Amino acid sequence: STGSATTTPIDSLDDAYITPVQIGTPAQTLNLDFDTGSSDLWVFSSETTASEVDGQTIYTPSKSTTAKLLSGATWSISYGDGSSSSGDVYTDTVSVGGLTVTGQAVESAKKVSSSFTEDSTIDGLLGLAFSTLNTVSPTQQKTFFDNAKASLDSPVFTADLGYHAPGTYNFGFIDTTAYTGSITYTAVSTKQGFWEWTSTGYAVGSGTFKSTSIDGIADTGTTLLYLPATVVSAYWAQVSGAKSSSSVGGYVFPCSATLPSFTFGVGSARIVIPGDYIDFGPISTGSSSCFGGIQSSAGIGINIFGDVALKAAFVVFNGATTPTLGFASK
Ligand SMILES: C[C@@H](NCCn1cccn1)c1ccc(F)cc1
């Protein structure tokens, strides 16, 4: 089997991407944030505290002929950004882009934090990290990918995120029309449950490439690129007037600037992030200070190749017995 679904940025900054997902029978279509940095498929639902719902589409298990309560199971998750949600669990039929899984754990939110309520465009998350991170208790559940792998033509999915444009998630095949050149594959550690890999170095603009190992995760659910303070300082030193603002919570730069590109290594290959991808616009409406898309990881504990980095590439998440990542330019 394969599936192919379009993913669409939620706003003009590419802060997140939503992908339609069919849940239940008859189908209930919800727009989910596909998140390679977590392992729970959770949704706004008929169970979500009414005051915490503001515009989202909800899943109503009682209207699905295929829904069943996963009796006794609960879940609770918090993300890197301090957001959280929790609830109970149903199993139901879930389809993405024409690929169907039966018996998928659909985690129904009873509570969501303010950051989810305030974003009316995201109806829940679909986790695509390793199932060892799934938060369902007392019986951990599998991701949609982990359940689909029993059926896919090839045990892979690919992320092809757009810059201020739609892109694609494919399951079970690699679209050789979607990238240029060749795909460079690199080793993955699953020790922390993430798609964790080691970049071979970086360059700033037209500068020399610095060969240096940078461990980090490929995380479609994180907007920005979080790297070591040394790397980030070297980047922003090339932008006149850029500074790390303690009042704003990272590097800001004059909105009049032209940003340099940023290159990261994948083995002997190089992925170039254009400078405009690193522009996240005014810090507040009408401001002439703009927020940077490359930020320090020093207060996280891990480096994160978020959307800023991933949308410069065609990315293969190889879930073969020994998982690997592939990157191609596009
Ligand atoms: C609550 C939420 N924001 C969606 C992303 N966004 C960035 C700026 C605005 N929206 C979220 C939190 C964590 C996460 F892994 C996914 C989604």
# chains A, B, ... in the order shown; residues from 1 in each chain; ligands from 1
>>> closest_atom_pairs(of="chain A", to="ligand 1", cutoff="8 Å", atoms="only C-alpha atoms and all ligand atoms", output="CSV")
residue,atom,partner,partner_atom_place_in_ligand_line,distance
A:15,CA,ligand 1,7 (C),4.7
A:16,CA,ligand 1,5 (C),4.9
A:33,CA,ligand 1,16 (C),6.6
A:35,CA,ligand 1,15 (F),6.3
A:37,CA,ligand 1,15 (F),7.1
A:38,CA,ligand 1,15 (F),7.2
A:79,CA,ligand 1,13 (C),5.4
A:80,CA,ligand 1,13 (C),6.9
A:81,CA,ligand 1,13 (C),6.0
A:82,CA,ligand 1,12 (C),7.8
A:83,CA,ligand 1,12 (C),5.6
A:84,CA,ligand 1,12 (C),7.8
A:113,CA,ligand 1,1 (C),7.7
A:114,CA,ligand 1,1 (C),7.7
A:115,CA,ligand 1,1 (C),4.3
A:116,CA,ligand 1,1 (C),4.1
A:117,CA,ligand 1,1 (C),7.8
A:118,CA,ligand 1,1 (C),7.8
A:119,CA,ligand 1,1 (C),6.8
A:122,CA,ligand 1,4 (C),7.3
A:125,CA,ligand 1,16 (C),6.9
A:221,CA,ligand 1,15 (F),4.5
A:222,CA,ligand 1,15 (F),5.9
A:223,CA,ligand 1,7 (C),6.0
>>> residues_around(residues="residue 65 of chain A", least_positions_apart="4", cutoff="9 Å", atoms="only C-alpha atoms", output="list in words")
residues 24, 25, 26, 61 and 92 of chain A
>>> residues_around(residues="residue 132 of chain A", least_positions_apart="6", cutoff="10 Å", atoms="only C-alpha atoms", output="VMD selection string")
chain A and resid 38 to 39 140 to 143 190 to 194
>>> residues_around(residues="residue 271 of chain A", least_positions_apart="3", cutoff="7 Å", atoms="only C-alpha atoms", output="list in words")
residues 263, 264, 265, 312, 313 and 329 of chain A
>>> select_by_dssp(residues="segment 197-304 of chain A", states="strand (DSSP E)", output="NGL selection string")
:A and (197-204 or 210-218 or 225-227 or 243-245 or 250-254 or 262-266 or 269-273 or 279-282 or 289-292 or 294-296 or 304)
>>> decode(residues="segment 269-303 of chain A", atoms="N, CA, C and O atoms", output="PDB file, in the first residue's frame")
ATOM      1  N   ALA A 269      27.306  15.446   1.470  1.00  0.00           N
ATOM      2  CA  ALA A 269      26.343  16.311   0.787  1.00  0.00           C
ATOM      3  C   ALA A 269      26.067  17.571   1.618  1.00  0.00           C
ATOM      4  O   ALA A 269      26.414  17.659   2.823  1.00  0.00           O
ATOM      5  N   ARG A 270      25.455  18.513   0.996  1.00  0.00           N
ATOM      6  CA  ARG A 270      25.186  19.840   1.612  1.00  0.00           C
ATOM      7  C   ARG A 270      23.766  20.230   1.294  1.00  0.00           C
ATOM      8  O   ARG A 270      23.328  20.103   0.094  1.00  0.00           O
ATOM      9  N   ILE A 271      23.011  20.702   2.279  1.00  0.00           N
ATOM     10  CA  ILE A 271      21.677  21.265   2.088  1.00  0.00           C
ATOM     11  C   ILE A 271      21.778  22.741   2.391  1.00  0.00           C
ATOM     12  O   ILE A 271      22.242  23.120   3.499  1.00  0.00           O
ATOM     13  N   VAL A 272      21.348  23.559   1.474  1.00  0.00           N
ATOM     14  CA  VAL A 272      21.392  25.016   1.644  1.00  0.00           C
ATOM     15  C   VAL A 272      20.022  25.557   1.975  1.00  0.00           C
ATOM     16  O   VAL A 272      19.035  25.377   1.207  1.00  0.00           O
ATOM     17  N   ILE A 273      19.919  26.233   3.120  1.00  0.00           N
ATOM     18  CA  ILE A 273      18.713  26.928   3.546  1.00  0.00           C
ATOM     19  C   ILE A 273      18.838  28.349   3.056  1.00  0.00           C
ATOM     20  O   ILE A 273      19.717  29.083   3.526  1.00  0.00           O
ATOM     21  N   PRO A 274      18.011  28.819   2.118  1.00  0.00           N
ATOM     22  CA  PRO A 274      18.085  30.217   1.685  1.00  0.00           C
ATOM     23  C   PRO A 274      17.858  31.146   2.854  1.00  0.00           C
ATOM     24  O   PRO A 274      17.083  30.890   3.765  1.00  0.00           O
ATOM     25  N   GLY A 275      18.470  32.338   2.753  1.00  0.00           N
ATOM     26  CA  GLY A 275      18.317  33.345   3.805  1.00  0.00           C
ATOM     27  C   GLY A 275      16.872  33.695   4.063  1.00  0.00           C
ATOM     28  O   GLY A 275      16.483  33.901   5.218  1.00  0.00           O
ATOM     29  N   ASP A 276      16.041  33.771   3.029  1.00  0.00           N
ATOM     30  CA  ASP A 276      14.668  34.193   3.343  1.00  0.00           C
ATOM     31  C   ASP A 276      13.954  33.171   4.210  1.00  0.00           C
ATOM     32  O   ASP A 276      13.063  33.649   4.929  1.00  0.00           O
ATOM     33  N   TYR A 277      14.338  31.889   4.179  1.00  0.00           N
ATOM     34  CA  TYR A 277      13.686  30.879   5.031  1.00  0.00           C
ATOM     35  C   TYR A 277      13.921  31.211   6.507  1.00  0.00           C
ATOM     36  O   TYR A 277      13.209  30.631   7.346  1.00  0.00           O
ATOM     37  N   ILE A 278      14.919  32.006   6.821  1.00  0.00           N
ATOM     38  CA  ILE A 278      15.344  32.270   8.206  1.00  0.00           C
ATOM     39  C   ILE A 278      14.653  33.517   8.732  1.00  0.00           C
ATOM     40  O   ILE A 278      14.814  33.851   9.915  1.00  0.00           O
ATOM     41  N   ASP A 279      13.741  34.081   7.936  1.00  0.00           N
ATOM     42  CA  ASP A 279      12.991  35.286   8.349  1.00  0.00           C
ATOM     43  C   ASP A 279      11.627  34.878   8.899  1.00  0.00           C
ATOM     44  O   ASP A 279      10.794  34.376   8.138  1.00  0.00           O
ATOM     45  N   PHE A 280      11.420  35.136  10.194  1.00  0.00           N
ATOM     46  CA  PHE A 280      10.127  34.882  10.860  1.00  0.00           C
ATOM     47  C   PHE A 280       9.422  36.178  11.226  1.00  0.00           C
ATOM     48  O   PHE A 280       8.457  36.119  11.978  1.00  0.00           O
ATOM     49  N   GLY A 281       9.748  37.253  10.532  1.00  0.00           N
ATOM     50  CA  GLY A 281       8.948  38.471  10.528  1.00  0.00           C
ATOM     51  C   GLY A 281       9.030  39.241  11.829  1.00  0.00           C
ATOM     52  O   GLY A 281       9.721  38.894  12.798  1.00  0.00           O
ATOM     53  N   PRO A 282       8.244  40.326  11.899  1.00  0.00           N
ATOM     54  CA  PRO A 282       8.314  41.222  13.047  1.00  0.00           C
ATOM     55  C   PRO A 282       8.046  40.502  14.367  1.00  0.00           C
ATOM     56  O   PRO A 282       7.195  39.627  14.451  1.00  0.00           O
ATOM     57  N   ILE A 283       8.723  40.957  15.410  1.00  0.00           N
ATOM     58  CA  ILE A 283       8.603  40.316  16.745  1.00  0.00           C
ATOM     59  C   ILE A 283       7.205  40.543  17.300  1.00  0.00           C
ATOM     60  O   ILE A 283       6.681  39.680  18.031  1.00  0.00           O
ATOM     61  N   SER A 284       6.603  41.659  16.949  1.00  0.00           N
ATOM     62  CA  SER A 284       5.222  42.071  17.288  1.00  0.00           C
ATOM     63  C   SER A 284       4.724  42.843  16.073  1.00  0.00           C
ATOM     64  O   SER A 284       5.536  43.425  15.333  1.00  0.00           O
ATOM     65  N   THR A 285       3.420  42.964  15.896  1.00  0.00           N
ATOM     66  CA  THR A 285       2.885  43.621  14.667  1.00  0.00           C
ATOM     67  C   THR A 285       3.454  45.069  14.361  1.00  0.00           C
ATOM     68  O   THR A 285       3.389  46.009  15.213  1.00  0.00           O
ATOM     69  N   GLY A 286       3.987  45.424  13.163  1.00  0.00           N
ATOM     70  CA  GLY A 286       4.500  46.722  12.878  1.00  0.00           C
ATOM     71  C   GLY A 286       5.940  47.026  13.324  1.00  0.00           C
ATOM     72  O   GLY A 286       6.438  48.010  13.053  1.00  0.00           O
ATOM     73  N   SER A 287       6.525  46.077  14.063  1.00  0.00           N
ATOM     74  CA  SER A 287       7.895  46.268  14.580  1.00  0.00           C
ATOM     75  C   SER A 287       8.887  46.223  13.435  1.00  0.00           C
ATOM     76  O   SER A 287       8.722  45.437  12.492  1.00  0.00           O
ATOM     77  N   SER A 288       9.962  46.939  13.580  1.00  0.00           N
ATOM     78  CA  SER A 288      11.131  46.832  12.685  1.00  0.00           C
ATOM     79  C   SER A 288      12.179  45.861  13.192  1.00  0.00           C
ATOM     80  O   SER A 288      13.245  45.769  12.554  1.00  0.00           O
ATOM     81  N   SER A 289      11.934  45.176  14.301  1.00  0.00           N
ATOM     82  CA  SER A 289      12.778  44.047  14.706  1.00  0.00           C
ATOM     83  C   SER A 289      12.091  42.776  14.253  1.00  0.00           C
ATOM     84  O   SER A 289      10.881  42.627  14.472  1.00  0.00           O
ATOM     85  N   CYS A 290      12.869  41.891  13.646  1.00  0.00           N
ATOM     86  CA  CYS A 290      12.379  40.636  13.085  1.00  0.00           C
ATOM     87  C   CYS A 290      12.976  39.472  13.845  1.00  0.00           C
ATOM     88  O   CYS A 290      14.102  39.546  14.385  1.00  0.00           O
ATOM     89  N   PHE A 291      12.236  38.384  13.926  1.00  0.00           N
ATOM     90  CA  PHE A 291      12.701  37.204  14.681  1.00  0.00           C
ATOM     91  C   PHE A 291      13.432  36.231  13.752  1.00  0.00           C
ATOM     92  O   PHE A 291      13.014  35.936  12.641  1.00  0.00           O
ATOM     93  N   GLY A 292      14.520  35.705  14.260  1.00  0.00           N
ATOM     94  CA  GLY A 292      15.337  34.768  13.482  1.00  0.00           C
ATOM     95  C   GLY A 292      14.842  33.338  13.490  1.00  0.00           C
ATOM     96  O   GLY A 292      14.332  32.828  14.481  1.00  0.00           O
ATOM     97  N   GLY A 293      15.124  32.655  12.387  1.00  0.00           N
ATOM     98  CA  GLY A 293      14.726  31.270  12.251  1.00  0.00           C
ATOM     99  C   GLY A 293      15.773  30.257  12.674  1.00  0.00           C
ATOM    100  O   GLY A 293      15.459  29.045  12.632  1.00  0.00           O
ATOM    101  N   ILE A 294      16.949  30.716  13.026  1.00  0.00           N
ATOM    102  CA  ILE A 294      18.027  29.913  13.592  1.00  0.00           C
ATOM    103  C   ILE A 294      18.224  30.423  15.010  1.00  0.00           C
ATOM    104  O   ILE A 294      18.467  31.637  15.213  1.00  0.00           O
ATOM    105  N   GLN A 295      18.097  29.538  15.994  1.00  0.00           N
ATOM    106  CA  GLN A 295      18.153  29.895  17.402  1.00  0.00           C
ATOM    107  C   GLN A 295      19.028  28.917  18.126  1.00  0.00           C
ATOM    108  O   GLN A 295      19.273  27.799  17.665  1.00  0.00           O
ATOM    109  N   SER A 296      19.498  29.316  19.306  1.00  0.00           N
ATOM    110  CA  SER A 296      20.345  28.426  20.118  1.00  0.00           C
ATOM    111  C   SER A 296      19.540  27.309  20.751  1.00  0.00           C
ATOM    112  O   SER A 296      18.441  27.513  21.254  1.00  0.00           O
ATOM    113  N   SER A 297      20.121  26.133  20.745  1.00  0.00           N
ATOM    114  CA  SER A 297      19.588  24.979  21.446  1.00  0.00           C
ATOM    115  C   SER A 297      20.050  24.905  22.893  1.00  0.00           C
ATOM    116  O   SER A 297      19.697  23.937  23.576  1.00  0.00           O
ATOM    117  N   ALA A 298      20.961  25.776  23.319  1.00  0.00           N
ATOM    118  CA  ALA A 298      21.655  25.601  24.612  1.00  0.00           C
ATOM    119  C   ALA A 298      20.656  25.403  25.767  1.00  0.00           C
ATOM    120  O   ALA A 298      21.053  24.710  26.715  1.00  0.00           O
ATOM    121  N   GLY A 299      19.449  25.978  25.766  1.00  0.00           N
ATOM    122  CA  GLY A 299      18.466  25.844  26.870  1.00  0.00           C
ATOM    123  C   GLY A 299      17.409  24.771  26.615  1.00  0.00           C
ATOM    124  O   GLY A 299      16.366  24.815  27.342  1.00  0.00           O
ATOM    125  N   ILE A 300      17.665  23.833  25.671  1.00  0.00           N
ATOM    126  CA  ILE A 300      16.813  22.653  25.266  1.00  0.00           C
ATOM    127  C   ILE A 300      17.389  21.306  25.703  1.00  0.00           C
ATOM    128  O   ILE A 300      16.588  20.467  26.147  1.00  0.00           O
ATOM    129  N   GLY A 301      18.676  21.036  25.459  1.00  0.00           N
ATOM    130  CA  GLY A 301      19.295  19.736  25.719  1.00  0.00           C
ATOM    131  C   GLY A 301      19.433  18.885  24.473  1.00  0.00           C
ATOM    132  O   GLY A 301      20.052  17.838  24.486  1.00  0.00           O
ATOM    133  N   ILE A 302      18.944  19.385  23.308  1.00  0.00           N
ATOM    134  CA  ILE A 302      19.090  18.701  22.005  1.00  0.00           C
ATOM    135  C   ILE A 302      19.035  19.756  20.879  1.00  0.00           C
ATOM    136  O   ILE A 302      18.368  20.709  20.973  1.00  0.00           O
ATOM    137  N   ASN A 303      19.756  19.428  19.835  1.00  0.00           N
ATOM    138  CA  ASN A 303      19.691  20.232  18.611  1.00  0.00           C
ATOM    139  C   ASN A 303      18.500  19.745  17.803  1.00  0.00           C
ATOM    140  O   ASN A 303      18.225  18.519  17.767  1.00  0.00           O
TER     141      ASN A 303
END
